[PDB]
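Novice: My questions all concern the structure below.
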Amino acid sequence: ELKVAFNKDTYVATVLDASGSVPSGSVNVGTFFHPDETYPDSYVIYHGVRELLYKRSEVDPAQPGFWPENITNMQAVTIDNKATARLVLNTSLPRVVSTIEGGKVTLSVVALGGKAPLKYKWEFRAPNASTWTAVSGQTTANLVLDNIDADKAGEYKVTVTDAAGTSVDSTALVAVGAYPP
Amino acid sequence: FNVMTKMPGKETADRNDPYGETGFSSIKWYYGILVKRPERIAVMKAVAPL
Amino acid sequence: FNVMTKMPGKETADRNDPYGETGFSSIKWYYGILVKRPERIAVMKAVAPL
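Same order as they appear, the protein sequences are chains L, A and F. So in PDB author numbering the end of the first sequence lands on 183, straight run, no missing numbers. So in PDB author numbering the end of the second sequence lands on 401, straight run, no missing numbers. So in PDB author numbering the end of the third sequence lands on 401, straight run, no missing numbers.
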């Protein structure tokens, strides 16, 4: 929920976060999900400000309005962003990794979003199951599996969660050939 | 029925969308009815079986 | 003067108005002055009665 303000004089649409403070002069014009719930990788912040100022009024950008009198000249507004950058995964886990019993498989994920305490998570699904099982201990980015056994095969999924609520995940299926004992 | 369509390209690119990655197709029409003789229309209203 | 006019219909139909029923007409020009000898232009000021 990115909150947008708007000052009618300077024509600056400050896209604040959910807990921002509206600048002296600007007025609340609405809220929109920057990572759109349904199509998450199609619209940008501009594509959300336009949908917010269309339902506004040139006479006073505080009361709602429509087509004959609304803020649709999208050249004078200057979006001034002060909302934390979306949690994006710069380097996701490989689609597939495959070693032999005894080898060392390492998985690494790099996240570039907005928060101080970017905490991590790790789960594990056996390749016949349905629910994810918590990988105890490893909670910091790179997960190292040394002397990997056959039972430690399946699908591993990281979950990079920021400070407030945002989370991004990425999976990596792991296979291990098992020579006879 | 009047139909207006603008396919994406050099026909939808403008100062608010310099690239032109959108289109639309709007259909509008004008309709009206004048009843000269209400006596010549009969309506019987009843319920129907489920 | 430069008068630019777009009639409602084909021309003025963007995402904002798919149906397209808004026109306009804009006039614009360019004016400037150059006082070659600002000594032959004299202004005398006073008040006037009701």
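Don't be surprised by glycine CBs; every beta carbon is placed ideally from N, CA and C.
Using the three-state DSSP reduction, which class does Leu-55(L) fall into: helix, strand or coil?
Specialist: Locating residue 55(L) in the first sequence gives position 53, where the first residue counts as 1. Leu-55(L) falls in the helix class under three-state DSSP.
Novice: Would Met-355(A) count as contacting chain F if we go by Cβ distances under 9 Å?
Specialist: As a first step, residue 355(A) is located in the second sequence; it is residue number 4 there, counting from the start. So yes, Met-355(A) belongs to the interface.
Novice: Between the beta-carbon of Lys-121(L) and the beta-carbon of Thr-168(L), is there less than 9 Å?
Specialist: Here residue 121(L) refers to the residue found at position 119 of the first sequence. Here residue 168(L) refers to the residue found at position 166 of the first sequence. For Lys-121(L) and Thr-168(L), no; Cβs fall outside 9 Å.
Novice: Is it the case that the Cβ atoms of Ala-20(L) and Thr-33(L) are separated by a distance below 9 Å?
Specialist: Within the first sequence, numbered from 1, the residue matching residue 20(L) stands at position 18. Within the first sequence, numbered from 1, the residue matching residue 33(L) stands at position 31. Yes. Within cutoff.
Novice: I'd like to know if the stretch 128-135 of chain L and the stretch 363-383 of chain A are in contact, where contact means that at least 3 CB-CB pairs between them fall below 8 Å.
Specialist: no
Novice: So what does DSSP say about residue 188(L), is it helix, strand or coil?
Specialist: Any answer about residue 188(L) is impossible in this case: the structure gives chain L only from 3 up to 183.
Novice: Check the Cβ of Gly-374(F) against every Cβ in chain A and list those closer than 9 Å, keeping chain order.
Specialist: Here residue 374(F) corresponds to residue number 23 of the third sequence, with the count starting at 1. The contacting residues do not exist; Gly-374(F) stays about 15 Å from chain A at best.
Novice: What are the start and end residues of the beta strand (DSSP E) that includes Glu-157(L)?
Specialist: On the first sequence, position 155 is the one that residue 157(L) refers to. Counting along the chain, the beta strand (DSSP E) containing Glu-157(L) begins and ends at 156-163.
Novice: Check whether the Cβ of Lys-379(A) lies closer than 9 Å to any Cβ atom in chain F.
Specialist: Within the second sequence, the letter at position 28 stands for residue 379(A). So, interface residue.
Novice: Any residues in the stretch 74-86 of chain L with a beta carbon nearer than 7 Å to a beta carbon of chain A? Which ones, in chain order?
Specialist: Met-76 and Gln-77
Novice: Taking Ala-174(L) as the reference, give the member of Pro-183(L), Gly-156(L) and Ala-180(L) with the closest Cα.
Specialist: For the purposes of this step, residue 174(L) is taken as the residue at position 172 of the first sequence. Of the candidates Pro-183(L), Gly-156(L) and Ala-180(L), the one whose C-alpha sits nearest the C-alpha of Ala-174(L) is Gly-156(L).
Novice: Measuring CA to CA, which of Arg-97(L), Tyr-181(L), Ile-81(L) and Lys-10(L) is closest to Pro-63(L)?
Specialist: Locating residue 63(L) in the first sequence gives position 61, counting from the first residue. When only C-alpha atoms are compared, the closest one is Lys-10(L).
Novice: How is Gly-179(L) classed by DSSP in three states: helix, strand or coil?
Specialist: Taking the first residue of the first sequence as 1, we reach residue 179(L) at position 177. Strand at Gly-179(L).
Novice: Is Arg-58(L) close to chain A, meaning its C-beta is less than 9 Å from at least one C-beta of that chain?
Specialist: Looking up residue 58(L) in the first sequence gives position 56. By this cut-off, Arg-58(L) is not an interface position.
Novice: Flag this pair as yes or no: are the beta carbons of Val-111(L) and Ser-138(L) separated by less than 9 Å?
Specialist: As a first step, residue 111(L) must be located in the first sequence, where it is residue number 109. As a first step, residue 138(L) must be located in the first sequence, where it is residue number 136. No, Cβ-Cβ distance for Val-111(L) and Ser-138(L) is not below 9 Å.
Novice: Anything in chain A within Cβ reach of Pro-359(F), meaning under 9 Å, just list it in chain order.
Specialist: Against the third sequence, residue 359(F) aligns to sequence position 8. Among the residues of chain A, none has a CB under 9 Å from the CB of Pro-359(F); the nearest is roughly 11 Å distant.
Novice: Between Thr-142(L), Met-76(L) and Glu-71(L), which lies nearest to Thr-108(L) when the distance is taken from Cα to Cα?
Specialist: Within the first sequence, the letter at position 106 stands for residue 108(L). For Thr-108(L), the nearest C-alpha among the options comes from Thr-142(L).
Novice: Just how far apart, CA to CA, sit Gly-360(A) and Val-29(L)?
Specialist: Position 9 of the second sequence, counting from 1, holds the residue named residue 360(A). Position 27 of the first sequence, counting from 1, holds the residue named residue 29(L). Their Cα atoms are separated by approximately 36 Å.
Novice: Give a yes or no on whether the C-beta atoms belonging to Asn-149(L) and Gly-179(L) are separated by under 9 Å.
Specialist: What you label residue 149(L) is simply residue 147 of the first sequence in a count that begins at 1. What you label residue 179(L) is simply residue 177 of the first sequence in a count that begins at 1. No, the Cβ-Cβ distance between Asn-149(L) and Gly-179(L) is not below 9 Å.
Novice: Since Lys-379(A) is in the beta strand (DSSP E), which residue starts that stretch and which ends it?
Specialist: Looking up residue 379(A) in the second sequence gives position 28. It spans 375-379 - the beta strand (DSSP E) in which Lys-379(A) sits, taken as one unbroken run.
Novice: Are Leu-147(L) and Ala-113(L) touching if we call contact CB-CB under 9 Å?
Specialist: Taking the first residue of the first sequence as position 1, residue 147(L) is located at position 145. Taking the first residue of the first sequence as position 1, residue 113(L) is located at position 111. No, they are not a contact pair.
Novice: Using a Cβ cut-off of 9 Å (strictly closer), state whether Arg-97(L) contacts chain A.
Specialist: Taking the first sequence and counting its residues from 1, one reaches residue 97(L) at position 95. So, not an interface residue.
Novice: Could you compute how far the alpha carbon of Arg-391(A) sits from the alpha carbon of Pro-369(F)?
Specialist: Position 40 of the second sequence, counted from the start, is the residue given in the question as residue 391(A). Position 18 of the third sequence, counted from the start, is the residue given in the question as residue 369(F). Those two C-alpha atoms are separated by around 40 Å.
Novice: Pick helix, strand or coil for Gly-371(A), following the three-state DSSP scheme.
Specialist: Position 20 of the second sequence, counted from the start, is the residue given in the question as residue 371(A). In the structure shown, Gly-371(A) sits in coil (DSSP, three-state: anything other than H, G, I, E or B).
Novice: So, using beta-carbon positions, are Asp-164(L) and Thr-86(L) closer together than 9 Å?
Specialist: To locate residue 164(L), count along the first sequence from 1; it is residue 162. To locate residue 86(L), count along the first sequence from 1; it is residue 84. Their beta carbons are under 9 Å apart, which means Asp-164(L) touches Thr-86(L) by this criterion.
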